[PDB]
Amino acid sequence: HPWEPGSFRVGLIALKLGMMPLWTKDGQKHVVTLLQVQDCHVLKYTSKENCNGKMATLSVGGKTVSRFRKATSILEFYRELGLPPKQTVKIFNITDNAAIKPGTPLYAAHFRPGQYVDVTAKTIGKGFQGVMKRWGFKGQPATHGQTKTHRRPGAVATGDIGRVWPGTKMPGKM
Amino acid sequence: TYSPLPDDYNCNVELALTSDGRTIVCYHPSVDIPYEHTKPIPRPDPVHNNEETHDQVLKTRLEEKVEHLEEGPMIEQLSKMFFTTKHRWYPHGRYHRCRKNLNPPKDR
Amino acid sequence: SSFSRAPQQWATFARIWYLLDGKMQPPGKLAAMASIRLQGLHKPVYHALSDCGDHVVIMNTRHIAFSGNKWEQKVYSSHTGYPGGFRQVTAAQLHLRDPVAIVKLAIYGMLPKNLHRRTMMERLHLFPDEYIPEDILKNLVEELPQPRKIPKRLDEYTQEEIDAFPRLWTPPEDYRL
Amino acid sequence: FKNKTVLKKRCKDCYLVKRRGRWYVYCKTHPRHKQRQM
Amino acid sequence: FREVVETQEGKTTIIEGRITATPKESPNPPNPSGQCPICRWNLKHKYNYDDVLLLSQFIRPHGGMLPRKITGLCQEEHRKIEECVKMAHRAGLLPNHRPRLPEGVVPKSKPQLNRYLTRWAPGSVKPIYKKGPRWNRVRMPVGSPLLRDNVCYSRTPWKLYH
Amino acid sequence: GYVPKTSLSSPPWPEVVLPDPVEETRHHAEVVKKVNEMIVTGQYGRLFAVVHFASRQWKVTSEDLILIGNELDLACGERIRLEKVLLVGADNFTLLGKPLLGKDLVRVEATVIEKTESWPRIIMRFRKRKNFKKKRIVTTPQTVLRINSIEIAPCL
Amino acid sequence: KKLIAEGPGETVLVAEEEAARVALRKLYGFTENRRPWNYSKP
Amino acid sequence: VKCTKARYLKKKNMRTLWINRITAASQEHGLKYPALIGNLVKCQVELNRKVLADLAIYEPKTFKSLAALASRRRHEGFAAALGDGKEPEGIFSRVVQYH
Amino acid sequence: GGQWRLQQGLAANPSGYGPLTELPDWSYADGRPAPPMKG
Amino acid sequence: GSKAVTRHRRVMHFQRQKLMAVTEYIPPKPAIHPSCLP
RNA sequence: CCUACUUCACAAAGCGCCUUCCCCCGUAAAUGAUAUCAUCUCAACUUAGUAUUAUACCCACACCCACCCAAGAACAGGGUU
Ligand SMILES: [Mg+2]
Ligand SMILES: [Mg+2]
Ligand SMILES: [Mg+2]
Ligand SMILES: [Zn+2]
Ligand SMILES: [Zn+2]
């Protein structure tokens, strides 16, 4: 279909390769990130009315993985589709005029230079972190008499409330 | 004429007072549901297991219905089916299970 | 009758599906009847432990009517657990957001505050318009009558009634209105 | 606008109006006279 | 009645006032000794805001009100009728007595918030955010206090603040 | 005395016209005659009664048991006429007293079947911080009555 | 075209069977409303 | 102590249950509980809430007859309040005198 | 309850001063009257 | 407590409040409003 | 987030780099009755006037001894073609 003003097309799944320097014609330096499209295919397409009636959806798969370490239902799905299994599957909300047949490959030239994109990913996990690193809390002085209280959160609430509010910032997985 | 309550459901009520005036007599025969107010019983005869080769293949196919679900989806299914809440279907401890009367009294 | 005991018990304690209409009704007057028939307080066999509740299907809940200026004065209030989480909306805003929230909240308020309330609400079905699912429609019995009386605006007045109504005053002929 | 519990016209051009559920004294000749009920 | 019609023809505007038909009173009013039309027809305390058949005989073709010197109502019945007609206008009644406007109805506002017995103007009443204590609650005015003397058949008085 | 139709001109309830007294008297006479001939022919079966007894009203039928909470000064096996019948109903008809039905009309019989005591009832009194604690056990007398028959006579 | 008995049930088949049982009880005169046995002496 | 104090509550709660059941049955017949109770008293039929609920559950024909009688007495009371008797003061009126 | 009972002159509480209270509860089946009740 | 004379209206005993509520002035009400009749 | 710089070095960091999107109402104005002028309207009504009936994330029911991991206190999770 031709492109309409209020239309949205599919994205892709890439792999983060690294970062590189880049320079512009005015001499400015910008750091860039390289995203490689390893094996990106459209996996399945749900109709507008079959998910929420709000927008159509396209499922897209990431890089190929081994068939020996996947769920049997996933293996049956990929056998029916006729493609290698993918490490991740992400769902894109699209208009009905942008739907593509499942199994089609998606290439990097889907995006053109002079364009702004959104990149979603699982950030680096730092485990159970103290409040100082987790929330940028200032700690306590180092030598002026403090007793085992250099990185503690300090007070967590007031006395009148008699409890801790749900949104309180405390140490935890980060 | 005059009727205190409509005489089309459950009764045809007439109220009388005896000549002595000391006892009230209530006559109330039952009303039957008329034939014009009923609908015929449906007669479903679904027969779609007959394939042109065999006859006991459908007898084998009759035992093809089987399904298993875990606690979460099974409880959701039961709650949806019986219009109840999920808490009805979780189990109880041995204390409650064993302090329940298994031979309760019977009336009538 | 003579009603062998198991069929007799089943008939006595069977559930009934009632259909109730919105369409200019007061939400609280709808909720009163809905609460009565959700608790089972309309049956001479009622008891709290007998679980003798019935299904109430309220349609057209988007077209309810409020008396007075409750659309602008009635405030529904809630609180997310987090600080700064106090929320207060008017009945108009809540109705535009959700076309069943007002009647649902009224029925929830009128229902008894014990552990049976959530089951009684599970036996409640609300729809904002005339559309109802086919299974529920096949389940429906004995539609309840509307509590409000639809005050019958001017244009639907069967000109015979206009001729019946008298003219209270003769106006001047030299007036412009 | 000045908040008052009692409002009175301070000249002949002041007029009392009932707007947004409140009593206002509006003046076009002296805008000094603009009063709002509290 | 009377009307003004303006005919523009050849850079000449003819302004004419014509007399049209007019409805008279009914032949035998029940109480000819009364002073108001309401008193004459024994309607005192007998009408509500639903009685558009009675209200629309006192109102202009564009939903406005008529003065007492024309209608013949007393001061009390005039206020009762005017408040009842305000409530009828806010209740969606009187569809053909809409305010006149060239093209301003096309941008339709918020959909039909069905309402009745609307006392205040809907666009000028603030939400009750605090509701006060139990012994002094901020109640919600339903109906008009100028109808407190209407005939009551419920054995319980009408509730004006609820 | 004319008022134009409004929402308040006429009472909301429908206008009720009770029947004319003499024709209603004749109708009552014919209804009592029909019920009486049903009684004489025996067009009833398994009727019940409401009987005032021992400060209580009992919905009794034939063959059942009633437990009354005191002694009666009767031997076990004694047959007794239960007076004070205020309602007796069969299928298709019911007779009411004002407040009691006539002696000639109804006849309820009951036999004394068991004279016993109740299970122990505990009566404990306690008040905190007052050393106030008392305890009783009571067993009240009890009589069991089996209703044998409820007869009706044509004297209506 | 005349109703002789009625019966309830969870399914239409069991309701019909109960109605047949009720009809049999009425025809045979063994109902819950029948005249109770008369225990007396002649 | 709870066992001893629970007798009052048992009496009160059983009476409340009877009242609820009678209200349900009367609303099934279109009546209201106060109207039914008051006019049954006015007809000199002295049935208590217990037996009234018993009949509402187990003798629906009898309960419908009772509700019809109460409605008739209520209409007669309305007619009496309208006409001061004149003549017959109602038929299910005319209380029976005792000496 | 009954306040109309008082207007009929009939003991607003129906459990006193009337046949319902003062009449014998029972009698022997052969006809002999019962001994008087204690109340 | 308070003195018999105070500055804050000294809310009353509930029996006194009921007495004042029950002994209020009731103006006469004509059978027909004076304006209606000629 | 780690390509430069810096503490450092198969990492983690800042002193370094990258990204960051709707209103909110108090008044100011048209037509116009009650009160045939006029009147912004707790009169019916027309505007500035409503961001919301928001979109972004995330949403695969059972291979799993064992090994590795940018995943992790344990458990869990990702990979093993
Ligand atoms: Mg430091
Ligand atoms: Mg130390
Ligand atoms: Mg240290
Ligand atoms: Zn001025
Ligand atoms: Zn007058």
Side-chain angles (χ1 to χ4, degrees), chain A residues 8 16 18-22 29-34 43-44 51 54-55 57 59 61 63-78 84-91 93 116 118-128 133 173, chain B residues 68-70 72-73, chain C residues 69 72 93 95-99 175-177, chain D residues 1 15-24 26 36, chain E residues 2 58-60 62-71 78-79 81-83 85-91 93-94 97-107 109-110 118-126 141:
Chain A
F8 295 93
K16 188 180 168 185
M19 323 192 56
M20 224 192 54
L22 188 104
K29 171 203 146 81
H30 307 107
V31 60
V32 284
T33 311
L34 310 209
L43 304 191
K44 88 176 191 178
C51 49
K54 312 181 105 75
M55 262 195 126
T57 37
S59 274
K63 71 186 276 165
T64 170
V65 286
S66 74
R67 293 222 288 292
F68 300 132
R69 319 235 191 238
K70 279 306 171 187
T72 277
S73 44
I74 293 168
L75 289 175
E76 289 155 3
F77 166 75
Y78 277 111
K86 320 297 219 153
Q87 185 178 321
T88 73
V89 183
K90 292 301 186 190
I91 308 162
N93 297 327
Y116 291 77
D118 283 352
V119 196
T120 314
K122 250 187 182 302
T123 69
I124 301 156
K126 293 150 173 33
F128 200 104
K133 164 175 293 197
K173 266 79 171 320
Chain B
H68 148 264
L69 257 177
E70 33 203 69
Chain C
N69 258 326
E72 289 86 5
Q93 306 168 28
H95 195 62
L96 290 146
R97 182 156 79 222
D98 195 354
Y175 201 77
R176 189 139 72 111
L177 300 318
Chain D
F1 270 133
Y15 56 100
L16 276 144
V17 295
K18 184 75 144 316
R19 303 177 162 169
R20 41 207 89 84
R22 226 190 270 249
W23 273 108
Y24 290 87
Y26 271 91
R36 181 223 324 286
Chain E
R2 202 166 54 82
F58 294 127
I59 87 164
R60 292 204 204 273
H62 292 354
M65 194 93 219
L66 284 176
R68 296 200 348 246
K69 47 104 164 185
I70 303 303
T71 42
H78 183 73
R79 319 249 74 181
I81 290 271
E82 139 188 305
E83 301 266 296
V85 114
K86 279 182 197 165
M87 302 210 292
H89 268 316
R90 302 162 179 153
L93 273 47
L94 315 169
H97 293 251
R98 275 278 96 186
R100 76 137 308 140
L101 81 177
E103 300 287 305
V105 91
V106 192
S109 306
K110 199 40 56 83
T118 323
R119 193 195 170 170
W120 305 131
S124 68
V125 45
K126 304 280 87 151

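Chain naming here is simple, since letters A, B, ... match the order of the sequence lines and numbering starts at 1 in each. What you see below is based on every heavy atom in this structure, not just the backbone, and it leaves out hydrogens, waters and symmetry mates.
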Peer 1: When you measure only distances, ignoring hydrogens and angles, does the side chain of D:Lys18 come within 3.5 Å of the base of K:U41 through a donor and an acceptor?
Peer 2: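 Flag unset: no donor-acceptor pair detected.
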Peer 1: Measure the distance from CG on A:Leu22 to P on K:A4 and round it to the nearest whole Å.
Peer 2: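 Going from CG in A:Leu22 over to P in K:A4 covers 15 Å.
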Peer 1: Between K:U55 and K:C63, how far is it from one P atom to the other, in whole Å?
Peer 2: 36 Å
Peer 1: Could you check if K:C5 and K:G14 make a Watson-Crick or G-U wobble pair, where both distances must be under 3.5 Å?
Peer 2: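 Between K:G14 and K:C5 there is a Watson-Crick or G-U pair, with both distances under 3.5 Å.
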Peer 1: Quick one: label E:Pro122 by what it contacts on the DNA or RNA (base, sugar-phosphate, nothing), any heavy atom closer than 4.0 Å.
Peer 2: sugar-phosphate
Peer 1: Indicate, with a heavy-atom threshold strictly under 4.0 Å, whether E:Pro102 touches base, sugar-phosphate, or nothing.
Peer 2: nothing
Peer 1: Taking a pair as Watson-Crick or G-U wobble with both distances under 3.5 Å, which nucleotide is matched to K:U50?
Peer 2: none
Peer 1: Looking at K:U31 and its strand neighbour K:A30, are the six-membered base rings less than 5.5 Å apart at the centres with planes tilted under 30 degrees?
Peer 2: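 Yes, six-membered rings of the two bases stack.
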Peer 1: How far, in whole Å, is K:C15 from K:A4 if one measures between their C1' atoms?
Peer 2: 14 Å
Peer 1: So what does A:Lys16 touch, heavy atoms closer than 4.0 Å: a base, only the sugar-phosphate, or nothing?
Peer 2: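 Contact class for A:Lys16: sugar-phosphate only.
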Peer 1: K:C57 and K:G72: how far apart are their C1' atoms, nearest whole angstrom?
Peer 2: 24 Å
Peer 1: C1' atom, K:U20 versus K:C24: distance in rounded Å?
Peer 2: 22 Å
Peer 1: Would you indicate what E:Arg2 reaches in the nucleic acid, counting non-hydrogen atoms under 4.0 angstrom: base, sugar-phosphate, or nothing?
Peer 2: base
Peer 1: Looking only at atom P, what distance separates K:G14 and K:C1, rounded to whole Å?
Peer 2: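 That atom pair is separated by 12 Å.
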Peer 1: Using 30° and 60° as the class limits, which term best fits the ring planes of D:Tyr26 and D:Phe1: parallel, tilted or perpendicular?
Peer 2: perpendicular
Peer 1: Pairing defined as Watson-Crick or G-U wobble with both contacts under 3.5 Å. Yes or no for K:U80 and K:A66?
Peer 2: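 Yes, K:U80 pairs with K:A66, since both Watson-Crick or G-U wobble distances fall under 3.5 Å.
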Peer 1: So what's K:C61 doing, north or south, if we go by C1'-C2'-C3'-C4' (plus is north, minus is south)?
Peer 2: north
Peer 1: Would one find a side-chain N or O of A:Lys133 under 4.0 angstrom from OP1 or OP2 of K:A13?
Peer 2: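 Looking at the OP1 and OP2 atoms of K:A13, one of them is under 4.0 Å from a side-chain N or O of A:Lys133.
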Peer 1: When syn is taken as a glycosidic angle within 90 degrees of 0, is K:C24 syn or anti?
Peer 2: anti
Peer 1: Kindly state whether the bases of K:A62 and K:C63 qualify as stacked, with ring centres closer than 5.5 Å and planes tilted less than 30 degrees?
Peer 2: no
Peer 1: If stacking means ring centres below 5.5 Å and interplanar angle below 30 degrees, are the neighbouring bases K:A51 and K:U52 stacked?
Peer 2: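 Stacked, because both conditions hold for the base rings of K:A51 and K:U52.
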Peer 1: Counting just side-chain N and O atoms, does E:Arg98 come under 4.0 Å of either OP1 or OP2 of K:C45?
Peer 2: yes
Peer 1: Assign C:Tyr175 to base, sugar-phosphate, or nothing according to its heavy-atom contacts below 4.0 angstrom with the strands shown.
Peer 2: base
Peer 1: Take atom CZ of E:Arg60 and atom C1' of K:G32, then tell me their distance rounded to the nearest Å.
Peer 2: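 Computing the E:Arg60:CZ to K:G32:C1' distance gives 10 Å.
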Peer 1: Between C1' on K:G49 and CZ on D:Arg20, what's the gap in Å once rounded to a whole number?
Peer 2: 14 Å
Peer 1: OP1, OP2 of K:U27 versus side-chain N and O of D:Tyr24: anything below 4.0 Å?
Peer 2: yes
Peer 1: Going 5' to 3' through nucleotides 55-63 of chain K, assign each nucleotide B (protein heavy atom under 4.0 Å from a base atom), S (under 4.0 Å only from sugar-phosphate atoms) or - (no protein heavy atom that close).
Peer 2: -SSSBBBSB
Peer 1: What is the distance, to the nearest angstrom, from the NZ atom on A:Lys173 to the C1' atom on K:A74?
Peer 2: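 Atom-to-atom, A:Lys173 to K:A74, this comes out as 9 Å.
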Peer 1: Taking any heavy-atom pair under 4.0 Å as a contact, classify E:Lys126: base, sugar-phosphate, or nothing.
Peer 2: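 Contact class for E:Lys126: sugar-phosphate only.
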Peer 1: Searching all strands shown, indicate the nucleotide that pairs with K:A11 (Watson-Crick or G-U wobble; both distances under 3.5 Å).
Peer 2: none
Peer 1: Counting the atoms with a prime plus P, OP1 and OP2 as sugar-phosphate, which does A:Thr123 contact under 4.0 Å by heavy atoms, base, sugar-phosphate, or nothing?
Peer 2: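 If one applies the 4.0 Å heavy-atom cut-off, A:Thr123 turns out to touch the sugar-phosphate alone, with no base involved.
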Peer 1: OP1 or OP2 of K:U31 versus the side-chain N and O atoms of E:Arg100: is any pair under 4.0 Å?
Peer 2: no
Peer 1: Is it true that the neighbouring bases K:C22 and K:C23 have six-membered rings whose centres sit under 5.5 Å apart and whose planes meet at under 30°?
Peer 2: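 Yes, K:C22 and K:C23 stack on each other.
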Peer 1: Is A:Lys126 touching bases, backbone alone, or none of the nucleic acid, heavy atoms closer than 4.0 Å?
Peer 2: sugar-phosphate
Peer 1: Spell out yes or no: do the side chain of D:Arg22 and the base of K:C42 have one donor N/O and one acceptor N/O closer than 3.5 Å?
Peer 2: no
Peer 1: Rounded to whole angstrom units, what separation is found between the CD atom of C:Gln93 and the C1' atom of K:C25?
Peer 2: 13 Å
